Amino acid sequence: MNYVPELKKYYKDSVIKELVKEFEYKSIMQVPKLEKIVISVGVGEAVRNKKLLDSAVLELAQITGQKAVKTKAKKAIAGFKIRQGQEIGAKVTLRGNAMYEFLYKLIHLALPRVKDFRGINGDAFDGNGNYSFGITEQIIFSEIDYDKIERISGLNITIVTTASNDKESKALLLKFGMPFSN
RNA sequence: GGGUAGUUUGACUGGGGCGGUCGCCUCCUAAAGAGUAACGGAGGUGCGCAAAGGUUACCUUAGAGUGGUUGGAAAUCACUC
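Before going into details, it helps to say that this report is about the structure given with it. (Residues numbered from 1 in each chain as written, not as in the entry; some residues may be left out. Chains lettered and ligands numbered in written order. Part of a larger assembly, values for the part shown. Heavy atoms only, no water.)

### Examining empty space enclosed by the protein
Item 1. Enumeration according to the criterion identifies one cavity of 30 Å³ or more in this entry.
Item 2. What the largest cavity holds in volume is close to 60 Å³.
Item 3. If you trace the largest cavity, you find it lined by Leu103, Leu106, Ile120, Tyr131, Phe133, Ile159, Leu173, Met178 and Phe180.
Item 4. Breaking the lining of the largest cavity down by element, the ones donating at least two residues are helix 3 (96-110) and strand 5 (130-135). (1 Å grid on protein atoms, 1.4 Å probe; cavity = no way out; pocket = protein on both sides within 12 Å on 5 of 7 lines; lining within 4 Å. Points joined across faces, edges and corners; volume = space filled by probe spheres on them. Helix = DSSP H or I, 4+ residues; strand = E, 2+ residues; numbered from the N terminus.)

### A closer look at the pattern of salt bridges
Item 1. By the definition in use, this model includes three salt bridges.
Item 2. The residue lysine 70 makes a salt bridge to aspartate 54 at a minimum N-O spacing of 3.6 Å. Of this pair, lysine 70 sits in strand 2 (residues 69-72) while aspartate 54 is found in helix 2 (residues 50-64), placing the two residues 16 residues apart along the sequence.
Item 3. For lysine 70, a relative accessible area of 34% gives the class partly exposed.
Item 4. Looking at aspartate 54, the relative accessible area reads 34%, which means it is partly exposed.
Item 5. Among the salt bridges present, the one from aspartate 147 reaches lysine 148, with a minimum N-O distance of 3.6 Å. Comparing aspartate 147 with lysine 148 shows no difference in burial state: the two are exposed. (Salt bridge = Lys/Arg side-chain N within 4 Å of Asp/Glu carboxyl O. Buried < 20%, exposed > 50% of the residue type's maximum accessible area, 1.4 Å probe, protein only.)

### Remarks on the packing of helix 1 (residues 6-23) against helix 4 (residues 166-176)
Item 1. Here helix 1 crosses helix 4 at 135°, and the two axes come no closer than 10 Å. Between helix 1 and helix 4, the angle is such that the two are oblique. In the crossing of helix 1 with helix 4, the sense of the turn from one axis to the other is right-handed. Contacts between helix 1 and helix 4 pair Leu7, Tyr10, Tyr11, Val15, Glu18, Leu19 and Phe23 from the former with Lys167, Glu168, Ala171, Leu172, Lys175 and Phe176 from the latter. (Axes fitted to C-alpha atoms, helices over the stretch in contact; angles between N-to-C directions. Parallel < 35°, antiparallel > 145°, perpendicular 65-115°, else oblique. Left-handed = near helix turned anticlockwise from the far one by under 90°. Contact = heavy atoms within 4.5 Å.)

### Regarding the sheet that holds strand 1 (residues 34-42)
Item 1. The five strands lie next to each other as 2-3-1-6-5, forming an open sheet whose pairing is antiparallel. At either end of the open sheet lies a strand with only one pairing partner, and these are strand 2 and strand 5. For this sheet, the mean inter-axis angle between neighbouring strands, taken without regard to orientation, is 25°.
Item 2. With six bridges joining them, strand 1 and strand 6 (residues 155-161) adopt antiparallel strand pairing. Along strand 6, the bridge assignment pairs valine 38 with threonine 158.
Item 3. Lying on the sheet, helix 2 is in contact with strand 1, strand 2, strand 3 (87-94) and strand 6; it crosses strand 3 at an angle near 5°.
Item 4. Running over the sheet, helix 3 touches strand 1, strand 3, strand 5 and strand 6 and is turned about 60° from strand 1. (Pairing = 2+ DSSP bridges.)

### Considerations on the protein's contact with RNA strand B
Item 1. Taken together, 27 residues form the shell around RNA strand B, and within it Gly42, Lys74, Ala124, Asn130 and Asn156 come nearest.
Item 2. A breakdown of the atoms of RNA strand B within 4 Å of the protein gives sugar and phosphate a share of 53%.
Item 3. In this structure, a sugar or linking oxygen belonging to RNA strand B sits 3.0 Å away from a main-chain N or O atom of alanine 124.
Item 4. At 3.3 Å from a sugar or linking oxygen of RNA strand B is found a main-chain nitrogen or oxygen belonging to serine 132.
Item 5. Mapped onto the surface near RNA strand B, the elements with two or more residues apiece are strand 1, strand 2, strand 5 and strand 6.
Item 6. Element by element, the count of residues in the surface near RNA strand B is highest for strand 1, at five residues.
Item 7. Class assignment for the residues of the surface near RNA strand B results in nine nonpolar, 13 polar and five charged. (Near = heavy atom within 4 Å. Polar contact = N/O pair within 3.5 Å; in protein donor to acceptor, adjacent residues only side chain to side chain. Nonpolar A, V, L, I, M, F, W, Y, C, P; charged D, E, K, R; others polar.)

### Considering the layout of surface pockets
Item 1. By volume, the largest pocket amounts to about 390 Å³.
Item 2. Taken together, 20 residues form the lining of the largest pocket, with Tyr11, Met29, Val31, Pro32 and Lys33 sitting closest to its centre.
Item 3. Contributing elements (two or more residues each) for the lining of the largest pocket: helix 1, strand 1 and helix 3.
Item 4. With four residues, helix 1 is the single largest residue contributor to the lining of the largest pocket.
Item 5. Within this model, the second largest pocket holds a volume of roughly 160 Å³.
Item 6. Around the second largest pocket, the lining comprises 13 residues; the ones closest to its centre are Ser55, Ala56, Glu59, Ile149 and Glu150.

Pasting the structure below:
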């Protein structure tokens, strides 16, 4: 059995058809779809505190399911007293089935558990179908336990879509039921 | 141990002395082969690396614009040019 995420089932069985009708696309897979979700977290303070970076990496692992990579400093800078090549950030890429499952978990479970959650700004679009927005308190995810955290942390989420514009991606996200603050 | 004896204490230098300089590398002066002076005009150097070597395999920045918890012009990530 090729086990399939419920999001993938929902997409393939409805969303393709509604978007074809709604945007008069000539051929079927002109329809937008999702290629990757990038979860990033920038801990510049890790240059003092290694525990911060280790905790962030581990907590990302529990949140998603796959291990993270610690990015390095592209340039040595003094304003943040950064030496080139130091560990400064940590990111995870989600693709395919894991991507769909994570996005489902997020939208239905973790966005609800945010303090004063009143939707998400439906305008954080880079003009090319890529939607990036932040979450300040990782504790919204029930996966991580409260006691073991060493410092409350946030993280940025970027969703990359095959769409050529923002309208297409916003329509796809709305069909997915993404709680945009509107 | 200058009581006494034998000797040394450089050269370039727009006189000499003082000052500065003396090996080697990069560019201009140098007039489109090469070479070509000056106390002409600007820099570096008497090392480091057991990888920062060899080989195979796999990859590409910086900047401008746009969207994102710290994160601001600028830290990390996505996309366009």
